[PDB]
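Asks: Here goes the first bit of my complex:
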Amino acid sequence: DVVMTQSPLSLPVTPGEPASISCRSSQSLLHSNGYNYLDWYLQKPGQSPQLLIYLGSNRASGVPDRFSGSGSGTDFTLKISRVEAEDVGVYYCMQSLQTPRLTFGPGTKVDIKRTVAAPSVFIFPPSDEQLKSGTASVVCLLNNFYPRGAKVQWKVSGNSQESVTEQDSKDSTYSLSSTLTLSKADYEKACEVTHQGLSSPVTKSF
Amino acid sequence: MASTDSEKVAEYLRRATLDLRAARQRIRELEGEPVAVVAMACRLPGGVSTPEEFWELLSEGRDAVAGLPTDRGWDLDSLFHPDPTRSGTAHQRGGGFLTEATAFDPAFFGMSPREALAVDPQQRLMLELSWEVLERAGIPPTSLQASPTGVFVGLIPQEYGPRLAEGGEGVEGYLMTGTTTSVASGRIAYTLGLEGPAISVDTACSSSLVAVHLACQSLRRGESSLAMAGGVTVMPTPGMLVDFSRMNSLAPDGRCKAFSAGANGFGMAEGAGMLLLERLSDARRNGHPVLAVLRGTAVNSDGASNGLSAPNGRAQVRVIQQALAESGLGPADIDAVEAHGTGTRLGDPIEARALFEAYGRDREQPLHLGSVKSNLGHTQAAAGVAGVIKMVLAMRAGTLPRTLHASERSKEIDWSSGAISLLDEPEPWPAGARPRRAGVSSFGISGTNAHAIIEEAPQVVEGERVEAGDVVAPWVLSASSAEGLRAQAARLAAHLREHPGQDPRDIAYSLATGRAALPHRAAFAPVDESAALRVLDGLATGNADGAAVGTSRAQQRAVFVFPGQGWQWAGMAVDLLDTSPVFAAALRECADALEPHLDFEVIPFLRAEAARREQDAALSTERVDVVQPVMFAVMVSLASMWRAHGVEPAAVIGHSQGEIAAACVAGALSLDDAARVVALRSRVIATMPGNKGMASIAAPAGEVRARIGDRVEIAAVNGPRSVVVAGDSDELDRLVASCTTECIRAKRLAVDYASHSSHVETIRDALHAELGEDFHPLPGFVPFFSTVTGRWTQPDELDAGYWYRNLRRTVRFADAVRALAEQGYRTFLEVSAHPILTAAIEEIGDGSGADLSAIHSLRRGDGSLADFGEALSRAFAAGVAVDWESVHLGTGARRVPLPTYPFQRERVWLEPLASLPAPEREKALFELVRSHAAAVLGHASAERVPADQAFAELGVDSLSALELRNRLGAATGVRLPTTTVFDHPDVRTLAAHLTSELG
Amino acid sequence: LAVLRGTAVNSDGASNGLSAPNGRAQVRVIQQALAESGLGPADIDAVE
Amino acid sequence: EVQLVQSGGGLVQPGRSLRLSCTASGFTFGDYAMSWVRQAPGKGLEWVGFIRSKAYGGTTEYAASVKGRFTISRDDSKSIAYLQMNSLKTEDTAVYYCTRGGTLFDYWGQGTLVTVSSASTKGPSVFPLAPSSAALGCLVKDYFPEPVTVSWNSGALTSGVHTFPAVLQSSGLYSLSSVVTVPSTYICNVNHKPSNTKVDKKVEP
């Protein structure tokens, strides 16, 4: 069969603090040679993917001493001993035992860590000139929230699109623009979120 | 699959090997990365002041041992008594002593003469050496600011001033800051601004070589990307010859008879040396010149020898062998060692036995054993960086010099082996298959032995191309004093008259990139090396001939002012375009941006001169619909040319249509946007003319305000005595008639329309129609000054309405340039083909604040690249911070050895109230503040202390600043704030504030 | 007794006086000895 | 020193052809089997294919998604790797990247934003976002292709400005929704660079 490899997909890191991404493989990646066939790649945000670790633990030259690798083929653990602004992005656990490999895995979505923020829900009803243009776009903006595990539902669903920006610097939050590209009549008939910045559903409508 | 484990476990082997090939070349760069010797400065015994004038002492076999200094106030009479044990007497009757360690240039650096009086001659010379060793590497000594650059000086405590317990009269708080080897490495890293480790070394006769060791490893590890290693022993007291003589160790002659049967003692000398060390990778990547290459330096101690003074044999071999191992070389890889050769009848035998052990035991060719101390004397802590300079010259001249006083090879040393050939005749040392390697040994009196290995610079410099160019690159030179300016023009005429045939582009690249921009600049664009050495012979006397001279302290950012009509000649741009790829490209771009809206392509109209522009019912570009588009074509191209040679704007000021170039160059509008705008404003302005006209006149503006009438009212205030008035033919002609008879000449501009009046709004309909909303106002790239509101404003207001507004109200160019002057900028380049209104902003500066600097690009009937080299010349000379790595970005220019700064030396040796009458009060307090400044500055010559120089560049630190504010709080009887020296950085500012604090 | 993890030496540069201290040349030596020892600013418990 | 600079992105329609070139300078090209991977906008990397070393011989292993459509080649004497993309479809809108390896992707190219959309170049339909009673924003719906630049008060306000990443509709168009957060009357400007259509928006509740 194929090796299924998973990780802590949404691991937060705070600068100056050791972090630890882990990988778990269904099959055994420790090949006869005594060498694990797992590789650790880094795609820093909007750049070419980088090779951090090959053969499970070996580190690829040019990769700082920070990226260590410890564990066995099945349960691995990339150990960053010092997370700076450079130790962020997507960390792909990518096997080598079986190659055809259609995917690099979901990848560990790394974020600069703060506490949990309250998502600021803004329901923005569409401009009426847009209703005189042939479409409708009510936009439910979700400003300044972290972590990014919040969805927007459309009640009173399915035409909704998705626009998240990566983490900013001085606030280190996320912002979502859930867009309901819509049609002329069906406007004559609400958004909320279930982010853990709050608990109760906060439903405000156009 | 992936060819199981055949194309995988072999794909991981080309990483685990290619990572091993890069993790092993990190270990060969953490331990044996060969560091370069980028430059060498030396002030050595005799006339030596450069590493080239030492090769004229080492190559013609001259001994620098002449006699004891008479400059230094040494007794010279109690130093010599027949009794050899009389306390206070010296045994050597001479020695190679420095004739210039008594003198120093204080105002050059941030040092008060009183502070420079307390500065130890060891650090005082190290400051001048630190500048030379940077001006000799092509590194501007002021470009190394807040940079990782270690300073590793090796000195000896000695005794200079008066014993600190008793202090002094003027040197009270600075005595400490002078007599401390501590600040003899930090003072240098402060004046230049270096942020690298600045450590001082004390190993006596090995201090310098041990300092190059510490520097070599600060480059192997990487702590500092650059280092200035080096050691100085200037002896300001005969104390050392009185204490080295009580142990009976100085040669009665002061001569270090190295390895000679006539060695009657070690002798002595005073001296200084400095090396600019950079790891070879960095040195050749940054382009810094590599002279030789320090490969391996080892430092060991003698251990338990026959006393603290006596040398050790095995310990010397263990450092002559540790250097070779640490450099990865063998005994047979070294062609000529530059031993200590201290000169003692005991040190030389053990030293040579050490050299017969680490080299001589396994030799293929005889080792060429030498000693710099024979030619110089034992320079003590400068010995080792004198020896590295003599080896680095021996490689750079392909000759190994003679060891003077070595004809009688010592009888106590077994030379029978023949593996060591004492250099008594200059033995050729030519470049060959073997890299030329040498070894420099310094064995101190402290017991610490150091040995460094110096390979020739890898001869990869070869491969340079050749070419020729029409760019007459300015030969820019500058000094901290007007007399230093006349001696930096005289020491270069001499170098270009005694080192002849150096490509003129190579002397303009070296004087520009490699000489700091000091606050007295001269710049001339030579066309030859006799029209340059005639200018370098007029700049030596002071006569500004064919050059541009200027005192420009506190000036670093230029503004671009944009003149209107006045260069009706418009026949100088042909010349610039024909000789300028950039002016023949930017002009094409702006023309092809103008043509989609105004068909007229400028370039044909440009070959057409005015001599060829008057036949078909025409004048000197009087067609507004044709002059304004081509004016713009020339103006934007000139502004792109000035930004192509490195001068970028700070603010922007456009007279009438220079607003449109404000749009273009400052990023607020594109080439197409601004081209369409002027082209469209052009056709509209071309429908009114036939009844209006502009009339520039110096006429009093507070008087033409009553003359405002007959439709002729002010369109622009171009200075105090500069007024552009605009109106119809009612007052137009009578102005001239009724004015020119009273010494007020009305320059009736050759124009046919009126702007900045109520006449422009007669085409308000077509002006708002044929401009359109397509050149959307954009926040651009440069600050800008509106000549409609007369204010520094945003770049988001330049729209169709903006052009109308500008053509509607008074330009107030005078108010704009004065707001520039008061705002922080002071220098303005009249970007134009002929700088009309040049003395107008000069008029502005003459009657307000400080005199401004009117730099200009071309002139009427002057558009050659020679006049543009002169434009860049007058821009540098007037303060504008030209970037010279753009003017020489490519011209076939290579660094050339040039004379360093001419330090105007003066002997600095430390031996052991006004009832508000008039502005006469302003200049009286001014003089009072100056006199109390040049009495807390130790300026015994109270005469003058630069008025434009700050209170941080005249050495007005705490002590000076505090006592100054106290002197003023007593003479003027005021309560000056504690941070006054920071509140008012200049004596001008301080005097103005004090005379302004009257109530 | 204790291990000297990292060290750094860094001149004040062009300060406002030879004895005058630099405020941003100490931050570059508390950060050179903190990036030569492989540590971070949160590992050092106390400062002499 | 090694580098794998790419070239050959652009704008095509589903059912066309396109060339992807991988200039390899720094290493012996013939030694490494080189891969071609693909980042669909904002999702994980998917490996397209790889050609084995000429010294190894072997074959050209492609994905299941692009077999019979893409073909990969290599040349040593001209030292270039090729992703020949043929019979394109909407899925190929992505940043194809060329890595030096077939199992160990050690080096990578900058990524070529190869785009396969059926749309044409049209300016933005700038639609404002009136505040409820708060933040103030403005849509950029129905523009194509990316570049895009929206600033506030014409690049005066930069604090609180959150440009919302390009969103593509089923029609092949793009939609940015740039919004500032500040209590008050603000200007948003949009300039579709391929078509040079700068539209300006004044917004009130």
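Replies: Everything's here; your move. Numbering: from 1, shown residues only, chains lettered A, B, ... in the order given.

Asks: nearest spatial neighbour of the residue at the greatest distance from the centre of chain D, skipping sequence neighbours?
Replies: Farthest-out residue of chain D from its mean C-alpha position, per C-alpha atoms, centre = their mean: residue D:133, at 37.6 Å. What sits nearest to residue D:133 in space, not counting adjacent residues and going by C-beta to C-beta, 6 or more residues apart in numbering or on different chains, is residue D:205, at 6.8 Å. For every residue, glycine as well, the C-beta is placed using N, CA and C.

Asks: What about the one you found, how many residues nearby?
Replies: Number of residues near residue D:205 (other C-beta atoms under 10 Å in any protein chain shown) recorded here: 10.

Asks: Next up, the contacts around it.
Replies: Contact analysis of residue D:205 by C-beta atoms under 8 Å, 6 or more residues apart in numbering or on different chains lists D:130-134.

Asks: burial of the residue in chain A that chain C sits nearest to, as a residue count?
Replies: At 4.2 Å from chain C, residue A:16 is the closest residue in chain A, using C-beta to the nearest C-beta. A total of 13 residues lie near residue A:16 under the criterion other C-beta under 10 Å.

Asks: and residue B:80, helix, strand or coil?
Replies: coil (DSSP: H, G, I helix; E, B strand; the rest coil).

Asks: Setting aside sequence neighbours, what's the nearest residue to residue D:99?
Replies: residue D:105 (3.6 Å).

Asks: from memory the one you found sits against residue A:52, does it?
Replies: No - using C-beta atoms under 8 Å, residue D:105 makes no contact with residue A:52, being 11.4 Å away.

Asks: the more surrounded of the two?
Replies: Neighbours were counted for residue D:105 and for residue A:52 using other C-beta under 10 Å; residue D:105 has more, 28 against 23.

Asks: put chain E onto that model:
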Amino acid sequence: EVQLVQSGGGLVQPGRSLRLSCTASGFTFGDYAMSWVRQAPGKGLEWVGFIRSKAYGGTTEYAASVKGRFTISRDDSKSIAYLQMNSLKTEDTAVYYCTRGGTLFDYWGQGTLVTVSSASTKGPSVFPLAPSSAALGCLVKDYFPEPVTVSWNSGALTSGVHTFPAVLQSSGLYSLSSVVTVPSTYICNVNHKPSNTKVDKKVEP
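Replies: Okay, here's chain E dropped in alongside the others:
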């Protein structure tokens, strides 16, 4: 550190069973494939055999010279490699090494001197070498086994002393011929340690 320390040499008659043990401490014994390289006295190294890793099957590859005679094993929990040397003949007199690599010999261990000789322990037959008319020497023919040590003037003369490495006859015995070179009346004392038979020799022409 890795140290492959060996044990198990000695003296046997052709047709015996001898054990060679390779103590591996420093590396994971099961990853490498230990091999045993023979070096007959004073000639080049010849590879005896090697066991594959337990994960590589454990297949043992032997030489053509010792197939059906020697067998090689390995144990991880007791971490020892074995060369089981059965049916020895005269060829096995040699310094057997244990390297840690089948194709990539690494540590090599130390060197276990195994000797297969049919001889017995007898002292030297010290026969002097009279000078022609020059150098003065003395034979030690027919001793077994090596150790052997010969001095001159009973360890007083060390300059010019050449103790020729020993020599094997077809009879299984050893022969050293120690000779000094100096013009003259000298003594040579040979001490065969296994049998403790110290014979002394005075020589004249």
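
Asks: ok chain E is loaded, check the neighbour count of residue A:16 again?
Replies: 13.

Asks: What distance do you get for it to residue D:80?
Replies: 44 Å (C-beta to C-beta, to the nearest Å).

Asks: And residue A:45, by the same measure?
Replies: Taking C-beta to C-beta, one finds residue A:45 at 29 Å from residue D:80.

Asks: And residue D:172, how far from chain C?
Replies: 48 Å (C-beta to the nearest C-beta, to the nearest Å).

Asks: re earlier: out of residue A:45 and residue D:80, which sits in the more crowded spot?
Replies: With neighbours defined as other C-beta under 10 Å, residue A:45 and residue D:80 compare such that residue D:80 has more, 15 against 10.

Asks: Could you confirm residue D:179 falls within a strand?
Replies: Yes - per three-state DSSP, residue D:179 lies within a strand segment.

Asks: mind checking which helix or strand the nearest residue to it once chain neighbours are set aside is in?
Replies: Of all residues not flanking residue D:179 in the chain, residue D:137 sits nearest, at 3.0 Å (C-beta to C-beta, 6+ apart). In the assignment (DSSP states H and E), residue D:137 maps to strand D:135-139.

Asks: could you check the angle strand D:177-181 makes with that strand?
Replies: 170 degrees (axes from the mean of the first three to the mean of the last three C-alpha atoms, to 10 degrees).

Asks: Could you tell me which residues of chain B lie near chain C?
Replies: Contact residues (C-beta under 8 Å from any C-beta of the partner chain) of chain B with chain C: B:145-146, B:151, B:177, B:183, B:186-187, B:189-199, B:223, B:952, B:957-958, B:982.

Asks: Buried among the residues you listed? Make that a ChimeraX selection.
Replies: Selecting only the buried entries of those in ChimeraX, with 16 or more other C-beta atoms under 10 Å in any protein chain shown as the criterion:
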select /B:151,177,183,186,187,189,190,191,192,193,194,195,196,197,198,199,223,952,957
